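**Student:** Contents of run25.cif (mmCIF, C-alpha atoms and all ligand atoms):
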data_start
loop_
_atom_site.label_atom_id
_atom_site.label_comp_id
_atom_site.auth_asym_id
_atom_site.auth_seq_id
_atom_site.Cartn_x
_atom_site.Cartn_y
_atom_site.Cartn_z
CA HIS Q 1 116.16 73.31 115.03
CA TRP Q 2 114.79 76.83 115.57
CA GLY Q 3 111.13 77.71 115.86
CA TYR Q 4 108.71 79.96 117.71
CA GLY Q 5 107.88 77.90 120.81
CA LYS Q 6 108.97 78.31 124.45
CA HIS Q 7 111.97 76.07 123.94
CA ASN Q 8 113.21 77.10 120.48
CA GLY Q 9 111.75 80.58 119.88
CA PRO Q 10 113.24 84.02 119.35
CA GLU Q 11 114.73 84.26 122.83
CA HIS Q 12 116.84 81.15 122.10
CA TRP Q 13 118.07 81.99 118.60
CA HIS Q 14 121.14 83.89 119.74
CA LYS Q 15 122.82 80.66 120.92
CA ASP Q 16 123.09 79.27 117.36
CA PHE Q 17 122.97 82.68 115.67
CA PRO Q 18 124.91 85.19 117.74
CA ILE Q 19 124.03 87.98 115.28
CA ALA Q 20 120.55 87.99 116.86
CA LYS Q 21 121.94 90.54 119.33
CA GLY Q 22 123.62 92.49 116.54
CA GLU Q 23 123.52 96.22 115.76
CA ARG Q 24 121.11 96.01 112.83
CA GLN Q 25 118.44 93.44 113.73
CA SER Q 26 114.81 93.32 112.59
CA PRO Q 27 112.03 93.84 113.10
CA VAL Q 28 111.76 97.13 114.96
CA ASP Q 29 109.10 99.35 116.42
CA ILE Q 30 108.43 102.30 114.10
CA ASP Q 31 107.98 105.37 116.29
CA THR Q 32 106.16 107.67 113.92
CA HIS Q 33 107.13 110.74 115.90
CA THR Q 34 110.84 109.98 115.63
CA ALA Q 35 110.95 108.91 111.97
CA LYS Q 36 111.90 111.81 109.68
CA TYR Q 37 110.69 112.80 106.25
CA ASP Q 38 113.54 112.28 103.80
CA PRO Q 39 113.27 114.39 100.66
CA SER Q 40 116.32 112.61 99.21
CA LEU Q 41 114.27 109.44 98.76
CA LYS Q 42 113.47 108.76 95.11
CA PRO Q 43 110.02 107.45 94.11
CA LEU Q 44 109.44 103.77 94.82
CA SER Q 45 108.89 101.56 91.76
CA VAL Q 46 107.20 98.17 92.17
CA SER Q 47 107.36 96.50 88.76
CA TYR Q 48 105.59 93.18 89.04
CA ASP Q 49 103.66 93.02 85.74
CA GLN Q 50 105.71 90.12 84.33
CA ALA Q 51 106.07 88.18 87.60
CA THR Q 52 106.35 84.43 87.26
CA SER Q 53 105.25 82.55 90.36
CA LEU Q 54 106.23 78.88 90.51
CA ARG Q 55 105.21 77.07 93.66
CA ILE Q 56 104.00 77.37 97.23
CA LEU Q 57 105.72 75.65 100.11
CA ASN Q 58 105.16 74.95 103.78
CA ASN Q 59 108.68 75.08 105.21
CA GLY Q 60 107.70 74.33 108.79
CA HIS Q 61 107.94 77.98 109.74
CA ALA Q 62 105.65 79.79 107.29
CA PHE Q 63 104.53 79.21 103.71
CA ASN Q 64 106.58 80.61 100.83
CA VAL Q 65 105.41 81.58 97.37
CA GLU Q 66 108.51 81.33 95.17
CA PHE Q 67 109.15 83.12 91.92
CA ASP Q 68 111.34 82.65 88.88
CA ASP Q 69 114.19 85.06 89.47
CA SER Q 70 116.34 83.92 86.52
CA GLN Q 71 115.59 87.31 84.91
CA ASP Q 72 114.33 90.82 85.78
CA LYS Q 73 110.63 89.77 85.62
CA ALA Q 74 109.47 91.26 88.91
CA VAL Q 75 111.58 94.02 90.39
CA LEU Q 76 111.72 96.67 93.08
CA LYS Q 77 113.66 99.85 92.32
CA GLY Q 78 113.95 103.44 93.55
CA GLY Q 79 112.98 104.60 96.97
CA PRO Q 80 116.07 104.22 99.13
CA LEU Q 81 117.44 101.63 96.76
CA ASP Q 82 120.48 101.76 94.47
CA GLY Q 83 119.96 99.58 91.42
CA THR Q 84 117.60 96.71 90.78
CA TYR Q 85 116.28 94.11 93.20
CA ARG Q 86 114.62 90.96 91.98
CA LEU Q 87 111.61 89.33 93.69
CA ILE Q 88 112.47 85.78 94.81
CA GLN Q 89 109.59 84.89 97.13
CA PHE Q 90 107.00 86.19 99.56
CA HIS Q 91 105.71 84.91 102.82
CA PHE Q 92 103.67 85.99 105.84
CA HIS Q 93 103.91 86.11 109.62
CA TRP Q 94 100.67 86.03 111.57
CA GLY Q 95 99.12 85.62 115.01
CA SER Q 96 96.91 83.29 117.00
CA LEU Q 97 94.49 86.19 117.45
CA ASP Q 98 93.93 89.38 115.48
CA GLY Q 99 95.65 91.56 118.12
CA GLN Q 100 99.08 90.22 117.20
CA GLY Q 101 100.99 88.74 114.30
CA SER Q 102 103.06 91.43 112.67
CA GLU Q 103 106.79 91.71 113.18
CA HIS Q 104 107.22 95.42 112.75
CA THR Q 105 105.02 97.56 114.97
CA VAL Q 106 103.88 101.17 114.51
CA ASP Q 107 103.93 103.21 117.72
CA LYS Q 108 103.87 99.79 119.44
CA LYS Q 109 100.71 98.82 117.52
CA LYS Q 110 100.67 95.16 116.42
CA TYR Q 111 98.78 94.13 113.27
CA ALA Q 112 97.14 90.78 112.63
CA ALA Q 113 99.79 89.72 110.13
CA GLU Q 114 102.68 90.99 108.00
CA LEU Q 115 103.53 90.24 104.34
CA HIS Q 116 107.19 90.06 103.33
CA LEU Q 117 108.16 90.40 99.65
CA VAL Q 118 111.80 89.37 99.47
CA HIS Q 119 114.09 90.78 96.77
CA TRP Q 120 117.84 90.48 96.03
CA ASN Q 121 120.27 93.00 94.52
CA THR Q 122 121.07 91.84 90.98
CA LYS Q 123 124.53 93.38 91.11
CA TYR Q 124 125.56 90.36 93.20
CA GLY Q 125 124.35 87.79 90.68
CA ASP Q 126 122.49 85.35 92.95
CA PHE Q 127 120.62 85.31 96.27
CA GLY Q 128 123.36 83.43 98.10
CA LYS Q 129 125.99 86.03 97.18
CA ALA Q 130 123.59 88.84 98.01
CA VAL Q 131 123.22 87.63 101.59
CA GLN Q 132 126.90 88.28 102.13
CA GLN Q 133 126.42 92.02 101.56
CA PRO Q 134 125.20 94.98 103.59
CA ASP Q 135 122.97 96.03 100.68
CA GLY Q 136 122.15 92.57 99.32
CA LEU Q 137 118.43 92.42 100.06
CA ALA Q 138 115.33 94.59 100.06
CA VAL Q 139 112.17 93.41 101.75
CA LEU Q 140 108.83 95.09 101.15
CA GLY Q 141 106.71 94.77 104.26
CA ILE Q 142 102.94 95.11 104.22
CA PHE Q 143 100.71 95.05 107.26
CA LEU Q 144 97.49 93.04 107.33
CA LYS Q 145 94.46 94.11 109.37
CA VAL Q 146 91.20 92.18 109.66
CA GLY Q 147 88.10 93.58 107.91
CA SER Q 148 86.96 93.10 104.33
CA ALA Q 149 88.43 90.25 102.27
CA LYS Q 150 91.42 90.83 100.01
CA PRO Q 151 90.46 89.40 96.61
CA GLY Q 152 94.06 89.02 95.48
CA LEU Q 153 94.80 86.90 98.55
CA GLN Q 154 92.07 84.29 98.07
CA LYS Q 155 93.97 82.09 95.63
CA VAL Q 156 96.69 81.82 98.24
CA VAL Q 157 94.10 81.00 100.88
CA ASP Q 158 92.51 78.33 98.75
CA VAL Q 159 95.73 76.35 98.20
CA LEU Q 160 96.68 76.12 101.88
CA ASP Q 161 94.71 72.89 102.43
CA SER Q 162 97.07 71.17 99.96
CA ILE Q 163 100.18 72.20 101.93
CA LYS Q 164 99.01 71.76 105.50
CA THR Q 165 102.22 70.23 106.86
CA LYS Q 166 105.95 70.86 106.73
CA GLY Q 167 107.62 69.84 103.50
CA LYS Q 168 104.46 70.02 101.45
CA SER Q 169 104.47 72.14 98.30
CA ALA Q 170 102.01 72.78 95.45
CA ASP Q 171 102.18 74.16 91.93
CA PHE Q 172 101.38 77.85 92.21
CA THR Q 173 101.78 79.47 88.80
CA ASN Q 174 100.20 82.56 87.26
CA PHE Q 175 99.74 84.33 90.62
CA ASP Q 176 100.02 88.12 90.47
CA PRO Q 177 101.55 89.72 93.57
CA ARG Q 178 100.14 93.09 92.54
CA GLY Q 179 96.88 91.91 94.11
CA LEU Q 180 98.46 92.07 97.56
CA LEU Q 181 99.42 95.76 97.49
CA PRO Q 182 97.60 98.65 99.14
CA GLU Q 183 96.70 101.78 97.16
CA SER Q 184 99.43 103.91 98.60
CA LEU Q 185 103.19 103.24 98.43
CA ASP Q 186 104.09 105.63 101.28
CA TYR Q 187 106.70 103.77 103.39
CA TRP Q 188 109.21 103.89 106.19
CA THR Q 189 112.70 102.52 105.50
CA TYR Q 190 115.62 101.51 107.68
CA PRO Q 191 118.63 99.18 107.48
CA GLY Q 192 118.09 95.80 109.09
CA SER Q 193 118.13 92.00 108.85
CA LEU Q 194 116.21 88.85 108.08
CA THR Q 195 113.80 88.25 110.96
CA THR Q 196 114.39 84.51 110.81
CA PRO Q 197 117.62 82.55 111.36
CA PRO Q 198 120.22 83.03 110.20
CA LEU Q 199 119.16 86.67 110.81
CA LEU Q 200 121.63 88.13 108.31
CA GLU Q 201 122.14 91.89 108.39
CA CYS Q 202 121.80 92.35 104.63
CA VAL Q 203 118.36 94.01 104.36
CA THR Q 204 117.02 97.37 103.30
CA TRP Q 205 113.55 97.39 104.88
CA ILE Q 206 110.69 99.17 103.10
CA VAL Q 207 107.56 99.05 105.26
CA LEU Q 208 104.34 100.39 103.76
CA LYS Q 209 102.27 102.79 105.84
CA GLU Q 210 98.96 101.62 104.46
CA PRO Q 211 97.78 98.22 105.64
CA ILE Q 212 95.77 95.88 103.48
CA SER Q 213 92.50 94.43 104.76
CA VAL Q 214 91.95 90.67 104.88
CA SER Q 215 88.84 88.82 106.07
CA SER Q 216 88.57 86.89 109.32
CA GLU Q 217 87.87 83.83 107.18
CA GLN Q 218 91.06 84.38 105.23
CA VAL Q 219 93.29 84.78 108.27
CA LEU Q 220 91.57 81.85 109.95
CA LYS Q 221 92.74 79.62 107.12
CA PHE Q 222 96.35 80.70 107.76
CA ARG Q 223 95.90 79.49 111.35
CA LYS Q 224 94.89 76.04 110.14
CA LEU Q 225 98.37 75.32 108.75
CA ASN Q 226 100.79 73.12 110.71
CA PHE Q 227 104.40 73.61 111.86
CA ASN Q 228 104.76 69.85 112.14
CA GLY Q 229 105.14 67.30 109.39
CA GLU Q 230 102.50 64.86 108.16
CA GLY Q 231 101.60 62.13 110.61
CA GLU Q 232 103.18 64.11 113.45
CA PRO Q 233 101.19 65.63 116.35
CA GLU Q 234 99.42 68.82 115.35
CA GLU Q 235 101.06 72.13 116.28
CA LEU Q 236 99.07 74.89 114.62
CA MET Q 237 101.19 77.34 112.61
CA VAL Q 238 100.39 80.47 114.58
CA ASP Q 239 102.45 83.30 116.10
CA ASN Q 240 105.40 82.79 113.78
CA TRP Q 241 106.62 86.34 114.34
CA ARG Q 242 109.75 87.78 115.93
CA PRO Q 243 109.16 90.68 118.29
CA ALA Q 244 110.70 94.12 117.97
CA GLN Q 245 114.48 94.40 118.50
CA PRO Q 246 116.57 97.38 119.71
CA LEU Q 247 116.93 100.17 117.14
CA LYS Q 248 120.46 100.93 118.25
CA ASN Q 249 122.25 103.46 115.99
CA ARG Q 250 119.60 103.57 113.27
CA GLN Q 251 117.41 106.20 111.65
CA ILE Q 252 113.98 105.33 110.29
CA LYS Q 253 113.08 107.56 107.35
CA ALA Q 254 109.66 108.40 105.95
CA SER Q 255 108.96 108.87 102.26
CA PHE Q 256 105.96 111.07 103.03
CA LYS Q 257 105.62 114.34 104.89
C1 LIG Q 301 115.91 82.15 99.16
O1 LIG Q 301 116.18 82.13 100.58
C2 LIG Q 301 115.49 82.97 101.48
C3 LIG Q 301 114.36 83.70 101.13
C4 LIG Q 301 113.72 84.52 102.08
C5 LIG Q 301 114.21 84.61 103.39
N1 LIG Q 301 113.53 85.45 104.29
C6 LIG Q 301 112.74 84.88 105.22
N2 LIG Q 301 112.43 85.51 106.33
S1 LIG Q 301 112.43 87.14 106.52
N3 LIG Q 301 111.25 87.67 107.51
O2 LIG Q 301 113.72 87.54 107.09
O3 LIG Q 301 112.25 87.78 105.26
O4 LIG Q 301 112.81 83.54 105.34
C7 LIG Q 301 111.86 82.85 106.08
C8 LIG Q 301 112.27 81.76 106.87
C9 LIG Q 301 111.33 81.04 107.63
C10 LIG Q 301 109.99 81.42 107.59
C11 LIG Q 301 109.58 82.51 106.82
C12 LIG Q 301 110.51 83.22 106.06
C13 LIG Q 301 115.35 83.87 103.73
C14 LIG Q 301 115.99 83.06 102.79
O5 LIG Q 301 117.13 82.30 103.09
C15 LIG Q 301 117.67 82.52 104.41
ZN ZN Q 302 109.40 87.51 106.96
#
Show me, as structure tokens, the structure contained in the file I just sent.
Ligand SMILES: COc1ccc(N[C@H](NS(N)(=O)=O)Oc2ccccc2)cc1OC
Ligand SMILES: [Zn+2]

**Tutor:**
Amino acid sequence: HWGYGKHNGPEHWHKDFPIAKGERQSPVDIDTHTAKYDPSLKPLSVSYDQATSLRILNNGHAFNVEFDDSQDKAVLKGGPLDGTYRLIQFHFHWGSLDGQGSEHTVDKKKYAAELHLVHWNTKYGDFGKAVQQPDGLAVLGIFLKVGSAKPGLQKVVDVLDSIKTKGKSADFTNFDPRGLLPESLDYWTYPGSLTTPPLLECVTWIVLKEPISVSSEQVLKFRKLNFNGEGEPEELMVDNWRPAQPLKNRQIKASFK
């Protein structure tokens, strides 16, 4: 029964999921003056041309766009990664106001929202097996700032009315995730975890330097979603982000000098 409120939010999660106070938790603050250029990083390859989106779902915490991951249709390779990682879904975290919403921060700076593209390591055969491994997942994180509209985000925005409440889903085929990327693929990378319960420490984080711009109108439609189920009292789906966690014994590396 976890959530983001006073009584079931991030400060409570450790009781059901003790790993919340683990050695490799996410998100983290990215101190740009402590992260180091790593020349050993190979180029990052985002290969989404044949992506096959299936559906969108309000899971009571965020909304998920899910993809067909039965083959290597949309994959992330290179960068810090060994092998091939298949896209399984994306989702966002966002705020009640534009001054907050992201999970990662950059020199303590909070963005309005954060996009998570979730991929699993094909050497482990399925997602469930992957989340039992220290290198099972790779998540591509993209910051959102408010300014001009993001054209590739509008189709997402325009389906949200049809999935306002928990448990609601809609057909969401022929959506191209390439329309959510910034120009530049400059990133920071570090080893971490899922930022939601069960907070598994299986993730290679790849966080893009360059934010994308979304319109106020677009983010306002995110804030119209509901945490609650149909016919329940309205709890707006806002501030579904986990704050920064201790870096502990970890190095954040930059792919750019
Ligand atoms: C196919 O199964 C999964 C797919 C994806 C994630 N990741 C993800 N959160 S995050 N920030 O760690 O990536 O899950 C949630 C959860 C609630 C709201 C929003 C995103 C977790 C999954 O099973 C645990
Ligand atoms: Zn996430």

**Student:** Any idea what the distance is between atom CA of residue Q:105 and atom CA of residue Q:226?

**Tutor:**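 Going from atom CA of residue Q:105 over to atom CA of residue Q:226 covers 25.2 Å.
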
**Student:** Restricting the calculation to only C-alpha atoms and all ligand atoms: of Q:26, Q:102, Q:195, Q:249, which residue gets closest to ligand ZN 302 (chain Q)?

**Tutor:** Q:195

**Student:** Excluding residue Q:128 and its own-chain neighbours fewer than 3 positions away, which residues fall within 12 Å of it when counting all atoms listed in the file? Please give them as a PyMOL selection string.

**Tutor:** chain Q and resi 88+119-122+124-125+131-133+136-137+200+202

**Student:** Quick one: write out the picked residues with C-alpha atoms as a compact mmCIF listing (two decimals), in the frame of the given file?

**Tutor:**
# COMPACT_ATOMS: atom_id res chain seq x y z
CA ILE Q 88 112.47 85.78 94.81
CA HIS Q 119 114.09 90.78 96.77
CA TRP Q 120 117.84 90.48 96.03
CA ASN Q 121 120.27 93.00 94.52
CA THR Q 122 121.07 91.84 90.98
CA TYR Q 124 125.56 90.36 93.20
CA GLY Q 125 124.35 87.79 90.68
CA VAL Q 131 123.22 87.63 101.59
CA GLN Q 132 126.90 88.28 102.13
CA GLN Q 133 126.42 92.02 101.56
CA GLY Q 136 122.15 92.57 99.32
CA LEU Q 137 118.43 92.42 100.06
CA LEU Q 200 121.63 88.13 108.31
CA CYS Q 202 121.80 92.35 104.63

**Student:** Can you tell me, as a list in words, which residues sit within 10 Å of (110.6, 107.8, 98.8) in the file's frame, using all atoms listed in the file?

**Tutor:**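 Those residues, ordered by chain and then number, are residues 37, 38, 39, 40, 41, 42, 43, 44, 45, 78, 79, 80, 81, 185, 186, 187, 188, 189, 206, 253, 254, 255 and 256 of chain Q.
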
**Student:** Name each residue within 12 Å of ligand ZN 302 (chain Q), counting all atoms listed in the file, as an NGL selection string.

**Tutor:** :Q and (26-27 or 61-65 or 89-94 or 101-104 or 113-119 or 138-143 or 193-197 or 199 or 203 or 205 or 207 or 240-243)

**Student:** Calculate how many Å separate atom CA of residue Q:14 from atom CA of residue Q:2, rounding to one decimal.

**Tutor:**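 Straight-line distance from atom CA of residue Q:14 to atom CA of residue Q:2 works out to 10.4 Å.
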
**Student:** Name the closest residue to ligand LIG 301 (chain Q) among the candidates Q:252, Q:130, Q:106, Q:181; distances are taken between atoms, counting only C-alpha atoms and all ligand atoms.

**Tutor:** Q:130

**Student:** Skipping near chain neighbours, those fewer than 3 positions away, what residues fall within 8 Å of stretch 145-162 of chain Q using all atoms listed in the file, listed as a PyMOL selection string?

**Tutor:** chain Q and resi 98+111-113+168-170+175-180+211-216+218-219+221-222+225

**Student:** Which one is closest to residue Q:66: Q:165, Q:173, Q:251, Q:184? Count all atoms listed in the file.

**Tutor:**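 The closest residue to residue Q:66 is Q:173.
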
**Student:** Using all atoms listed in the file, pick whichever of Q:82, Q:49, Q:68, Q:23 has the shortest atom-to-atom distance to ligand LIG 301 (chain Q).

**Tutor:**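 Of Q:82, Q:49, Q:68, Q:23, the one nearest ligand LIG 301 (chain Q) is Q:68, counting all atoms listed in the file.
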
**Student:** One decimal, Å: what's the distance from atom CA of residue Q:235 over to atom CA of residue Q:20, could you say?

**Tutor:**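 Computing it gives 25.1 Å between the two atoms.
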